[PDB]
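This is input.cif (mmCIF, N, CA and C atoms).
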```
data_model
loop_
_atom_site.label_atom_id
_atom_site.label_comp_id
_atom_site.auth_asym_id
_atom_site.auth_seq_id
_atom_site.Cartn_x
_atom_site.Cartn_y
_atom_site.Cartn_z
N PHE A 1 12.27 -1.67 -32.84
CA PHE A 1 13.35 -2.39 -32.10
C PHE A 1 12.77 -3.20 -30.93
N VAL A 2 11.57 -2.90 -30.42
CA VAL A 2 11.14 -3.50 -29.11
C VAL A 2 10.46 -4.86 -29.33
N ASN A 3 9.93 -5.11 -30.53
CA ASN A 3 9.05 -6.28 -30.77
C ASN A 3 9.86 -7.46 -31.28
N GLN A 4 10.79 -7.93 -30.46
CA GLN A 4 11.67 -9.05 -30.88
C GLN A 4 12.19 -9.69 -29.59
N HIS A 5 12.94 -10.78 -29.70
CA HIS A 5 13.68 -11.35 -28.55
C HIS A 5 14.86 -10.43 -28.20
N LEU A 6 14.89 -9.99 -26.97
CA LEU A 6 15.90 -9.03 -26.45
C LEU A 6 16.53 -9.64 -25.21
N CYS A 7 17.83 -9.96 -25.31
CA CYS A 7 18.54 -10.60 -24.20
C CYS A 7 19.80 -9.79 -23.87
N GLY A 8 20.17 -9.85 -22.61
CA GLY A 8 21.44 -9.22 -22.17
C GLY A 8 21.53 -7.79 -22.60
N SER A 9 22.66 -7.38 -23.19
CA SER A 9 22.90 -5.97 -23.50
C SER A 9 21.80 -5.46 -24.44
N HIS A 10 21.19 -6.33 -25.22
CA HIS A 10 20.15 -5.92 -26.19
C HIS A 10 18.90 -5.48 -25.42
N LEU A 11 18.59 -6.18 -24.35
CA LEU A 11 17.43 -5.86 -23.49
C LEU A 11 17.70 -4.61 -22.70
N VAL A 12 18.92 -4.46 -22.10
CA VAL A 12 19.23 -3.23 -21.37
C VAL A 12 19.18 -2.01 -22.33
N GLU A 13 19.64 -2.16 -23.56
CA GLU A 13 19.64 -1.06 -24.55
C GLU A 13 18.18 -0.63 -24.82
N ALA A 14 17.30 -1.63 -24.95
CA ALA A 14 15.86 -1.33 -25.22
C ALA A 14 15.24 -0.60 -24.04
N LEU A 15 15.52 -1.04 -22.81
CA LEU A 15 15.03 -0.34 -21.58
C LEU A 15 15.54 1.10 -21.52
N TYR A 16 16.83 1.28 -21.85
CA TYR A 16 17.43 2.61 -21.84
C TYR A 16 16.73 3.51 -22.85
N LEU A 17 16.50 3.01 -24.05
CA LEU A 17 15.88 3.85 -25.11
C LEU A 17 14.42 4.14 -24.74
N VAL A 18 13.69 3.15 -24.28
CA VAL A 18 12.23 3.34 -24.03
C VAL A 18 12.07 4.25 -22.83
N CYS A 19 12.82 4.04 -21.76
CA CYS A 19 12.52 4.67 -20.44
C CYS A 19 13.09 6.09 -20.37
N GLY A 20 14.09 6.39 -21.17
CA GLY A 20 14.65 7.76 -21.26
C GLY A 20 15.00 8.30 -19.87
N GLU A 21 14.56 9.51 -19.53
CA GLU A 21 15.02 10.19 -18.29
C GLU A 21 14.44 9.55 -17.03
N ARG A 22 13.41 8.72 -17.13
CA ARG A 22 12.84 8.01 -15.96
C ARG A 22 13.91 7.01 -15.48
N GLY A 23 14.69 6.49 -16.40
CA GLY A 23 15.52 5.32 -16.09
C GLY A 23 14.69 4.09 -15.84
N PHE A 24 15.31 3.04 -15.32
CA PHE A 24 14.64 1.74 -15.28
C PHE A 24 15.32 0.84 -14.26
N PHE A 25 14.72 -0.28 -14.02
CA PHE A 25 15.33 -1.38 -13.25
C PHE A 25 15.44 -2.60 -14.13
N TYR A 26 16.57 -3.27 -14.04
CA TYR A 26 16.88 -4.51 -14.79
C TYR A 26 17.12 -5.61 -13.78
N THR A 27 16.16 -6.53 -13.74
CA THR A 27 16.03 -7.57 -12.69
C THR A 27 15.97 -8.93 -13.40
N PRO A 28 17.09 -9.50 -13.83
CA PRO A 28 17.01 -10.76 -14.56
C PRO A 28 16.71 -11.98 -13.67
N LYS A 29 17.04 -11.89 -12.37
CA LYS A 29 16.88 -12.88 -11.26
C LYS A 29 16.48 -14.26 -11.77
N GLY B 1 9.74 -13.04 -14.90
CA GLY B 1 10.18 -11.64 -14.91
C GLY B 1 10.62 -11.23 -16.30
N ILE B 2 11.46 -10.21 -16.40
CA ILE B 2 11.70 -9.57 -17.71
C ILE B 2 12.35 -10.56 -18.66
N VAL B 3 13.21 -11.45 -18.18
CA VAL B 3 13.94 -12.36 -19.10
C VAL B 3 12.92 -13.30 -19.78
N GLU B 4 11.98 -13.84 -18.98
CA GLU B 4 10.94 -14.78 -19.48
C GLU B 4 10.09 -14.03 -20.52
N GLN B 5 9.79 -12.76 -20.30
CA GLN B 5 8.83 -11.99 -21.12
C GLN B 5 9.50 -11.44 -22.38
N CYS B 6 10.81 -11.08 -22.33
CA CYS B 6 11.40 -10.26 -23.39
C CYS B 6 12.60 -10.94 -24.07
N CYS B 7 13.26 -11.90 -23.42
CA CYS B 7 14.42 -12.65 -23.96
C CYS B 7 13.97 -14.03 -24.47
N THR B 8 13.36 -14.84 -23.60
CA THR B 8 12.98 -16.20 -24.02
C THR B 8 11.65 -16.17 -24.78
N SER B 9 10.89 -15.09 -24.68
CA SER B 9 9.77 -14.77 -25.59
C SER B 9 9.92 -13.34 -26.12
N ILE B 10 9.03 -12.96 -27.04
CA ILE B 10 9.13 -11.69 -27.80
C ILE B 10 8.71 -10.56 -26.88
N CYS B 11 9.56 -9.55 -26.78
CA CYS B 11 9.32 -8.39 -25.93
C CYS B 11 8.16 -7.56 -26.52
N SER B 12 7.71 -6.59 -25.74
CA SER B 12 6.72 -5.59 -26.18
C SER B 12 7.01 -4.28 -25.47
N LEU B 13 6.56 -3.19 -26.09
CA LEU B 13 6.74 -1.88 -25.43
C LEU B 13 5.97 -1.87 -24.14
N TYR B 14 4.77 -2.43 -24.13
CA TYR B 14 3.92 -2.48 -22.94
C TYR B 14 4.69 -3.06 -21.75
N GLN B 15 5.35 -4.17 -22.00
CA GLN B 15 6.14 -4.91 -20.98
C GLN B 15 7.39 -4.12 -20.58
N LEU B 16 8.07 -3.60 -21.56
CA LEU B 16 9.31 -2.84 -21.22
C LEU B 16 8.96 -1.70 -20.29
N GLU B 17 7.86 -0.97 -20.53
CA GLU B 17 7.56 0.22 -19.76
C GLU B 17 7.19 -0.13 -18.30
N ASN B 18 6.83 -1.36 -18.07
CA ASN B 18 6.60 -1.86 -16.69
C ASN B 18 7.89 -1.79 -15.87
N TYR B 19 9.05 -1.67 -16.51
CA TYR B 19 10.35 -1.63 -15.82
C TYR B 19 10.93 -0.24 -15.77
N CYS B 20 10.30 0.77 -16.37
CA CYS B 20 10.70 2.16 -16.18
C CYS B 20 10.42 2.59 -14.75
N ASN B 21 11.28 3.44 -14.21
CA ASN B 21 10.99 4.10 -12.90
C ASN B 21 9.84 5.09 -13.11
#
```

What would you get if you wrote out this structure as structure tokens?
Amino acid sequence: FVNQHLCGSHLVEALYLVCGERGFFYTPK
Amino acid sequence: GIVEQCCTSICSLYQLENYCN
């Protein structure tokens, strides 16, 4: 799932799945 | 930042993990 173009909710979903209990920061700026 | 790396170009696990806490 990670090796593709990931935008918006698709990118946040990938961060959520990869980062698990660490969580993550989403900084589109 | 992440949009340039993963949305407008092809993402990678390596790059995604840079955004994990």

DSSP helix (DSSP H, G or I) selection over chain A, as a ChimeraX atom specification: /A:9-22

Contact residues (chain A, partner chain B, 7 Å, all atoms listed in the file) as JSON, numbers by chain: {"A": [2, 3, 4, 5, 6, 7, 8, 14, 15, 18, 19, 22, 23, 24, 25, 26, 27, 28, 29]}

Any chance you can output those residues with N, CA and C atoms as a PDB file, in the frame of the given file?
```
ATOM      1  N   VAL A   2      11.570  -2.900 -30.420  1.00  0.00           N
ATOM      2  CA  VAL A   2      11.140  -3.500 -29.110  1.00  0.00           C
ATOM      3  C   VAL A   2      10.460  -4.860 -29.330  1.00  0.00           C
ATOM      4  N   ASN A   3       9.930  -5.110 -30.530  1.00  0.00           N
ATOM      5  CA  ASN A   3       9.050  -6.280 -30.770  1.00  0.00           C
ATOM      6  C   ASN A   3       9.860  -7.460 -31.280  1.00  0.00           C
ATOM      7  N   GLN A   4      10.790  -7.930 -30.460  1.00  0.00           N
ATOM      8  CA  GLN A   4      11.670  -9.050 -30.880  1.00  0.00           C
ATOM      9  C   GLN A   4      12.190  -9.690 -29.590  1.00  0.00           C
ATOM     10  N   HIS A   5      12.940 -10.780 -29.700  1.00  0.00           N
ATOM     11  CA  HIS A   5      13.680 -11.350 -28.550  1.00  0.00           C
ATOM     12  C   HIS A   5      14.860 -10.430 -28.200  1.00  0.00           C
ATOM     13  N   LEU A   6      14.890  -9.990 -26.970  1.00  0.00           N
ATOM     14  CA  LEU A   6      15.900  -9.030 -26.450  1.00  0.00           C
ATOM     15  C   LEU A   6      16.530  -9.640 -25.210  1.00  0.00           C
ATOM     16  N   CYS A   7      17.830  -9.960 -25.310  1.00  0.00           N
ATOM     17  CA  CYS A   7      18.540 -10.600 -24.200  1.00  0.00           C
ATOM     18  C   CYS A   7      19.800  -9.790 -23.870  1.00  0.00           C
ATOM     19  N   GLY A   8      20.170  -9.850 -22.610  1.00  0.00           N
ATOM     20  CA  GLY A   8      21.440  -9.220 -22.170  1.00  0.00           C
ATOM     21  C   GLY A   8      21.530  -7.790 -22.600  1.00  0.00           C
ATOM     22  N   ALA A  14      17.300  -1.630 -24.950  1.00  0.00           N
ATOM     23  CA  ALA A  14      15.860  -1.330 -25.220  1.00  0.00           C
ATOM     24  C   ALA A  14      15.240  -0.600 -24.040  1.00  0.00           C
ATOM     25  N   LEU A  15      15.520  -1.040 -22.810  1.00  0.00           N
ATOM     26  CA  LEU A  15      15.030  -0.340 -21.580  1.00  0.00           C
ATOM     27  C   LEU A  15      15.540   1.100 -21.520  1.00  0.00           C
ATOM     28  N   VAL A  18      13.690   3.150 -24.280  1.00  0.00           N
ATOM     29  CA  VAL A  18      12.230   3.340 -24.030  1.00  0.00           C
ATOM     30  C   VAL A  18      12.070   4.250 -22.830  1.00  0.00           C
ATOM     31  N   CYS A  19      12.820   4.040 -21.760  1.00  0.00           N
ATOM     32  CA  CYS A  19      12.520   4.670 -20.440  1.00  0.00           C
ATOM     33  C   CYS A  19      13.090   6.090 -20.370  1.00  0.00           C
ATOM     34  N   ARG A  22      13.410   8.720 -17.130  1.00  0.00           N
ATOM     35  CA  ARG A  22      12.840   8.010 -15.960  1.00  0.00           C
ATOM     36  C   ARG A  22      13.910   7.010 -15.480  1.00  0.00           C
ATOM     37  N   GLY A  23      14.690   6.490 -16.400  1.00  0.00           N
ATOM     38  CA  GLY A  23      15.520   5.320 -16.090  1.00  0.00           C
ATOM     39  C   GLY A  23      14.690   4.090 -15.840  1.00  0.00           C
ATOM     40  N   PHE A  24      15.310   3.040 -15.320  1.00  0.00           N
ATOM     41  CA  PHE A  24      14.640   1.740 -15.280  1.00  0.00           C
ATOM     42  C   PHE A  24      15.320   0.840 -14.260  1.00  0.00           C
ATOM     43  N   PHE A  25      14.720  -0.280 -14.020  1.00  0.00           N
ATOM     44  CA  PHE A  25      15.330  -1.380 -13.250  1.00  0.00           C
ATOM     45  C   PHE A  25      15.440  -2.600 -14.130  1.00  0.00           C
ATOM     46  N   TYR A  26      16.570  -3.270 -14.040  1.00  0.00           N
ATOM     47  CA  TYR A  26      16.880  -4.510 -14.790  1.00  0.00           C
ATOM     48  C   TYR A  26      17.120  -5.610 -13.780  1.00  0.00           C
ATOM     49  N   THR A  27      16.160  -6.530 -13.740  1.00  0.00           N
ATOM     50  CA  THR A  27      16.030  -7.570 -12.690  1.00  0.00           C
ATOM     51  C   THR A  27      15.970  -8.930 -13.400  1.00  0.00           C
ATOM     52  N   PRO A  28      17.090  -9.500 -13.830  1.00  0.00           N
ATOM     53  CA  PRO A  28      17.010 -10.760 -14.560  1.00  0.00           C
ATOM     54  C   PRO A  28      16.710 -11.980 -13.670  1.00  0.00           C
ATOM     55  N   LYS A  29      17.040 -11.890 -12.370  1.00  0.00           N
ATOM     56  CA  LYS A  29      16.880 -12.880 -11.260  1.00  0.00           C
ATOM     57  C   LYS A  29      16.480 -14.260 -11.770  1.00  0.00           C
TER      58      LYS A  29
END
```

Atomic separation - CA of residue 20 in chain A relative to CA of residue 1 in chain A, Å: 14.9 Å

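Going from atom N of residue 9 in chain A to atom N of residue 21 in chain A covers 19.1 Å.
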